[PDB]
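Here is the structure we will look at.
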Amino acid sequence: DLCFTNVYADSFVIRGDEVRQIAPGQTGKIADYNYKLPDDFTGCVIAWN
Amino acid sequence: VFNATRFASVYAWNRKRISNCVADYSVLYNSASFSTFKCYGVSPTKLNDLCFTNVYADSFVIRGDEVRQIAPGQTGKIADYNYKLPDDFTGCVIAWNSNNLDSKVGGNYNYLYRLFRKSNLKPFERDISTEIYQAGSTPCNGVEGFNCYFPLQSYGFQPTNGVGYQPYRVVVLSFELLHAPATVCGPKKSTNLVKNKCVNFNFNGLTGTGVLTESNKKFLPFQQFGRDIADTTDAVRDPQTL
Amino acid sequence: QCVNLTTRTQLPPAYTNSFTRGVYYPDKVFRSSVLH
Amino acid sequence: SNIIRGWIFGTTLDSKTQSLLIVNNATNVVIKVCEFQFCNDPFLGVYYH
Amino acid sequence: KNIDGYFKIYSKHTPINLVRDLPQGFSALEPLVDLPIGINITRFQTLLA
Amino acid sequence: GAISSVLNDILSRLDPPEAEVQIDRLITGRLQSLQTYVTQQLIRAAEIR
């Protein structure tokens, strides 16, 4: 029903233990160090094996 | 704590008091395996900015299907029976997998669990009792039999089982926060103390804008923060010098 | 250990009044000249 | 005369449960949480003055 | 008291002059230590010398 | 209704994803307090006038 203006895909491969780290407000070697999400992040996270 | 050789069981779990050290969670990222990581009362990005008073590590090994049961307000054979978290639990739960060490080819029966409990015990309580549970109306008299089952069973720990059946290690951190003097604070370097100027102070993780002046108030040795009518922090204590 | 005393005299559990006892600091927080 | 020496905090006051034993043996403030064999009359006496 | 598996003790020592019934006065009790005992306490006793 | 009354506590504990749940409870609690107070002043000013 709702559609979006500027869709950007964030495609990368990490360890399976650190998928929950991809969230607005988390830490880790992925979240805190190189791939950080904003505090006002309005988006979707799609991950698979 | 996080990289120990053998943990304890869930009915009797080791509670090591973490006091007077540097809470640096970047050391654990050399050998990191952390599957789930949730802080209920606090946020993980403030772990370097905010620091905590009385950190207690809750180290034990349970089944992989019951890790989500370690949460304030859940049930299970771990949550409802032996390891309960409080309703006002302000803490963090750190858990990770242990297939490479805790799984034996024949079976690891050293990690027991509580399956039969009479009532709903209080949170943060350990239970080392090996009394025979009475499931029926007949008295058991301390021996096994009909409706008299031994309460401490063991999971099937083999590397060929299901991943939900694999043992997951877990360490849960509990603390009193922003009311007590802090002994453990992480690798954030302190700065110079400036008096008689509006600055951005940071005392034991408490951040705010205020003016630091000397006072005639003498704190008790267990007291760190002074408050006002408006409940905001009116005075703090310097932890380095008195 | 197991041996109990024999000089125990059975006396009734009488009652006692307390004036203002039972007050402690509820937390580790300093407060000055307030009524919390 | 320092007659109050400590307490035993338990559930059923027996070895069937886990109990707290805070005592003082005139040298150290001893606080132990063990599976104690509970005696019916705990005491600490001073002898032969 | 033992609530949420967190035994809180509060100690206060003051010199008195007393023969009899509990004195009419006030003393603010201060916490000494914090004991993580993790048990259930329903009954207790008290040591004497 | 929040976890604490102090604005400086939530800024030192929670992320701005989790602080807007908590600070907006403080803002609404302080605004309704001001909408209580301005109500108490205008009715009192109608009594004085």
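Chain order of the listed sequences is A, B, C, D, E and F. The authors' numbering puts the first sequence at residues 389 to 437. The authors' numbering puts the second sequence at residues 341 to 582. The authors' numbering puts the third sequence at residues 14 to 49. The authors' numbering puts the fourth sequence at residues 98 to 146. The authors' numbering puts the fifth sequence at residues 195 to 243. The authors' numbering puts the sixth sequence at residues 971 to 1019. The beta-carbon is built from N, C-alpha and C at its ideal position, and this holds for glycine as well.
If you draw a straight line from the Cα of E:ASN211 to the Cα of E:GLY219, it is about 12 Å long.
Collapsing the DSSP output to three states places C:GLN23 in coil.
At a cut-off of 7 Å, the C-beta of B:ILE418 has no neighbouring C-beta in chain D.
No Cβ-Cβ contact shorter than 7 Å links B:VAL503 with B:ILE434. Residues of chain F whose Cβ lies closer than 9 Å to the Cβ of A:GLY413 are, in chain order, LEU984, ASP985, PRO986, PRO987, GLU988. Judged by DSSP in its simplified three-state form, B:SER383 adopts coil rather than helix or strand. For B:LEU546, the closest alpha carbon among the candidates B:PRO479, B:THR430, B:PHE392 is that of B:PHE392. The beta carbon of D:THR109 does not come within 7 Å of any beta carbon belonging to chain B, so the residue lies off that interface. What C:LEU18 touches in chain D, judged by beta-carbon distance under 9 Å, is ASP138, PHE140, going in chain order.
With distances taken between CA atoms, B:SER375 lies nearest to A:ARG403 out of A:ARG403, A:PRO426, A:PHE429. Interface with chain D (7 Å Cβ-Cβ cutoff): E:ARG214 is excluded.
In the assembly as shown, C:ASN17 is an exposed residue. Its beta-carbon has fewer than 16 other beta-carbons within 10 Å.
Of the candidates B:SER459, B:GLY485, B:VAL362, B:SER459 places its Cα closest to the Cα of B:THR415.
A straight line joining the alpha-carbon of C:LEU48 with that of B:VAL576 spans about 20 Å.
Think of a sphere of 8 Å around the beta carbon of B:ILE358: no beta carbon from chain C falls inside it, the nearest being about 18 Å out. Excluding sequence positions up to five before and after B:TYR423, its CB lies within less than 6 Å of the CB of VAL350, all in the same chain and listed in chain order. At a beta-carbon threshold of 7 Å, the residues of chain E lying near D:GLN115 are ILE233, ordered along the chain. With 16 or more other Cβ atoms inside 10 Å of its own Cβ, B:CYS432 counts as buried. Against C:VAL36, the close residues of chain E are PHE220, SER221, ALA222, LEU223, in the order they occur along the chain (beta-carbon pairs closer than 9 Å). The beta carbon of C:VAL36 sits closer than 7 Å to none of the beta carbons in its chain outside the five residues before and after it.
By the CB criterion at 7 Å, B:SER494 and B:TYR421 fall outside the cutoff. DSSP places B:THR547 inside the beta strand (DSSP E), whose first and last residues are 546-551.
Taking 8 Å as the cut-off between beta carbons, the residues of the stretch 463-476 of chain B near chain D are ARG466, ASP467, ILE468, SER469, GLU471, in sequence order.
Of B:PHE515, B:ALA522, B:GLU406, the smallest CA-CA separation from B:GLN580 is found for B:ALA522. Contact residues of the stretch 529-554 of chain B toward chain A are absent (C-beta to C-beta distance below 7 Å).
As DSSP reads the structure, D:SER116 sits in a beta bridge with D:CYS131. Ranked by Cα distance from B:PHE543, the options B:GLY446, B:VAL341, B:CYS525 are led by B:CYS525. DSSP places D:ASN121 in the strand class (E or B) of the three-state scheme. In the DSSP annotation of this structure, the continuous segment of the alpha helix (DSSP H) that includes B:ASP442 starts and ends at 439-442.
Residue range 492-494 is occupied by the beta strand (DSSP E) that includes B:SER494. For E:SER205, the enclosing beta strand (DSSP E) begins and ends at 200-205.
Under DSSP, no beta-bridge partner is assigned to B:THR415. In the three-state reduction of the DSSP assignment, F:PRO987 falls in the helix class.
The count of Cβ pairs closer than 8 Å, one atom from the stretch 124-133 of chain D and one from the stretch 434-446 of chain B, stays below three, leaving the stretches out of contact. Non-local beta-carbon contacts of B:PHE559 in its own chain, meaning distances under 6 Å to residues more than five positions away in sequence, involve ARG577 in chain order.
When only Cα atoms are considered, B:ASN501 and B:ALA520 end up about 46 Å apart.
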